[PDB]
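Peer 1: Pasting in a structure now, in structure tokens, and then I'll have a few things to ask.
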Amino acid sequence: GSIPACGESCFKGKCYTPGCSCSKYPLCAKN
């Protein structure tokens, strides 16, 4: 759920950072 924690971006592919979810398009949030 934490955006700044993961700092990953989801697009034409699954989240790169393990544990992060694309629950905040277009970026993956860590928990």
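A note on labels: chains of the structure tokens are A, B, ... as shown, every chain counts residues from 1, and ligands are counted from 1 in their shown order.
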Pick out the residues sitting within 12 Å of residue A:4, and hand them over as number ranges by chain; count only C-alpha atoms, and ignore anything fewer than 2 positions along from it in its own chain.
Peer 2: A: 1-2, 6-9, 20, 24, 27-31
Peer 1: Okay, now the selection with N, CA and C atoms, as a PDB file, in the first residue's frame?
Peer 2:
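As written to disk, out.pdb reads:
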ATOM      1  N   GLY A   1       0.799  -1.210   0.000  1.00  0.00           N
ATOM      2  CA  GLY A   1       0.000   0.000   0.000  1.00  0.00           C
ATOM      3  C   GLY A   1       0.839   1.269   0.000  1.00  0.00           C
ATOM      4  N   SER A   2       2.097   1.157   0.410  1.00  0.00           N
ATOM      5  CA  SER A   2       2.991   2.309   0.463  1.00  0.00           C
ATOM      6  C   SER A   2       3.650   2.568  -0.893  1.00  0.00           C
ATOM      7  N   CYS A   6       7.992   1.384  -2.160  1.00  0.00           N
ATOM      8  CA  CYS A   6       8.367   0.533  -3.282  1.00  0.00           C
ATOM      9  C   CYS A   6       9.064   1.322  -4.387  1.00  0.00           C
ATOM     10  N   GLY A   7       8.420   2.395  -4.840  1.00  0.00           N
ATOM     11  CA  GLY A   7       8.980   3.211  -5.907  1.00  0.00           C
ATOM     12  C   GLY A   7       9.071   2.454  -7.223  1.00  0.00           C
ATOM     13  N   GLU A   8       8.176   1.490  -7.411  1.00  0.00           N
ATOM     14  CA  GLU A   8       8.151   0.688  -8.626  1.00  0.00           C
ATOM     15  C   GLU A   8       7.009   1.145  -9.527  1.00  0.00           C
ATOM     16  N   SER A   9       7.104   0.860 -10.817  1.00  0.00           N
ATOM     17  CA  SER A   9       6.067   1.266 -11.758  1.00  0.00           C
ATOM     18  C   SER A   9       5.531   0.075 -12.548  1.00  0.00           C
ATOM     19  N   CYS A  20       5.299  -5.852  -3.830  1.00  0.00           N
ATOM     20  CA  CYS A  20       4.567  -4.675  -4.271  1.00  0.00           C
ATOM     21  C   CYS A  20       3.402  -5.066  -5.165  1.00  0.00           C
ATOM     22  N   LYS A  24      -1.980   1.058  -7.392  1.00  0.00           N
ATOM     23  CA  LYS A  24      -1.904   2.501  -7.591  1.00  0.00           C
ATOM     24  C   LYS A  24      -1.329   2.809  -8.966  1.00  0.00           C
ATOM     25  N   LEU A  27       1.794   2.630 -10.876  1.00  0.00           N
ATOM     26  CA  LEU A  27       2.944   2.267 -10.062  1.00  0.00           C
ATOM     27  C   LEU A  27       2.587   1.211  -9.018  1.00  0.00           C
ATOM     28  N   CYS A  28       3.569   0.399  -8.666  1.00  0.00           N
ATOM     29  CA  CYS A  28       3.378  -0.652  -7.683  1.00  0.00           C
ATOM     30  C   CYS A  28       3.700  -0.149  -6.281  1.00  0.00           C
ATOM     31  N   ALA A  29       2.743  -0.290  -5.382  1.00  0.00           N
ATOM     32  CA  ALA A  29       2.913   0.132  -4.005  1.00  0.00           C
ATOM     33  C   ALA A  29       3.334  -1.049  -3.140  1.00  0.00           C
ATOM     34  N   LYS A  30       4.262  -0.813  -2.225  1.00  0.00           N
ATOM     35  CA  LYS A  30       4.729  -1.859  -1.334  1.00  0.00           C
ATOM     36  C   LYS A  30       3.826  -1.908  -0.118  1.00  0.00           C
ATOM     37  N   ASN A  31       2.947  -2.902  -0.093  1.00  0.00           N
ATOM     38  CA  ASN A  31       1.991  -3.064   0.996  1.00  0.00           C
ATOM     39  C   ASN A  31       1.146  -1.802   1.139  1.00  0.00           C
TER      40      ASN A  31
END
Peer 1: As number ranges by chain, which residues of chain A does DSSP assign to alpha helix (DSSP H)?
Peer 2: A: 3-6
